[PDB]
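Shown next as C-alpha cells: one chain only, the form solved without its partner chain.
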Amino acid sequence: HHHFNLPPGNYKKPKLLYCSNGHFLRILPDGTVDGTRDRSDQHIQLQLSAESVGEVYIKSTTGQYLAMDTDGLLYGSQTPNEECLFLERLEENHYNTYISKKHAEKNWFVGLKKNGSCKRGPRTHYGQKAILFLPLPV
C-alpha cells in the first residue's frame, strides 16, 4: 500500500550508502549496525541485489545481511530470512529510502541519528533527514 516511484539503482557494483546526516552505514563482523563519518573505513562497502521489482537485500563484505527485529531494531544477520527484505523507493525525487517489508504497513524505515546510532522503526517517519540515503561509488 505504498507509492511505486523507483530509483535508478545498480546491483552490479558495490556501493557506500551515505546518509543525509553525514554518516556512512556500517555493518561490523560481530553483527553490530551503526554509522561512521570515516570514508576510509573498511566495513562500509555494501552490496545490493534485487529480489523482485522494488525489493532488495543489503549484504556486507563479510556476508551479513541487514535486518530488523520485531521491536524495530537493526542488526546484521548471517543468513537471509524474511526480516532482511526492504522495499527500495525514491524520495524527494533524488534520494533513496528503505522500508522493512515485514513491517511495511507501520512505515518502519532504516535511519541514522546525527550521533551515529541507529533509529528504531517506530521513531522514523517521512520528513526526517535520517531516512534519506544516497548510494555512492566505491
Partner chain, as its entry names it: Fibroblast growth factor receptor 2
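Residue numbers count along the first chain shown, from 1. Shifts are known only where both forms have a C-alpha. Rigid core here is just the name for the largest C-alpha set that superposes within 1.5 Å across the two forms.
Below: the form solved in complex with its partner chain, not depicted.
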Next item on the list: Evaluate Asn96 for contact with its partner chain in the deposited bound form, applying a 4.5 angstroms cut-off between non-hydrogen atoms, and reply yes or no.
Entry: yes
Check: Heavy atom to heavy atom, is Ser52 within 4.5 Å of its partner chain in the deposited bound form?
Finding: yes
Notebook entry, point to check: Would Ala104 count as touching its partner chain in the deposited bound form under a 4.5 Å heavy atom rule?
Noted result: no
Notebook entry, point to check: Would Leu66 show up as a contact with its partner chain in the deposited bound form if we use heavy atoms at 4.5 Å?
Noted result: no
Checklist line | Residues of 82-116 having any heavy atom within 4.5 Å of its partner chain in the deposited bound form, listed in sequence order | finding: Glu88, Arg89, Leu90, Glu91, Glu92, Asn93, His94, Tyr95, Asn96
Notebook entry, point to check: Relative to the superposed core, which single residue of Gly116, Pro14, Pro122, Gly9 shows a CA shift of 2 Å or more between the shown form and the other one?
Noted result: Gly9
Next item on the list: With the rigid core held as the fitting reference, name the runs of three or more adjacent residues whose C-alpha atoms all move by 2 angstroms or more between the shown form and the other one.
Entry: 4-11
